[PDB]
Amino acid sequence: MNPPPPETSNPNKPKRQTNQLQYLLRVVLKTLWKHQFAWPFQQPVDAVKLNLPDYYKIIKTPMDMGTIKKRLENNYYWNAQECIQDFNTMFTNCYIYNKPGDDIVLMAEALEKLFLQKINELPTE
């Protein structure tokens, strides 16, 4: 069964638009989005559709690129490090729930290296 998806807007949370956050959306996210391995991560895990009834029994802080994309489109974040922590959560979630060598983990590991490649150098203020 599926918990509610993570929030993509929060009116009591202060918004911010930084050069780095614009970067994370326009180059980092949108390039990762197109990767041949991105598709499992473009939406919250649907534990019913994917027959992963134990996913949200194991994963207590779900995160996906679809959630990150909408948070970025809504200036949900205060700074880029907040966004980068969401990406890191998505990857570590995948490593927690699965085990080394699974196809999904091979996909996450590849995306993580592309992600770490692209955030090595961010714009400045």
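A residue's number is simply how far along the shown sequence it sits, counting from 1.
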Stretch with the greater mean C-alpha B-factor as recorded in the entry, comparing 91-99 against 76-84: 91-99
Higher-scoring stretch by recorded Cα B factor average, 60-68 or 25-33: 25-33
Residue 10 by Cα B-factor - lowest, middle or highest third of the modelled chain: lowest
CA B-factor ranking of residue 52, expressed as a third of its chain: middle
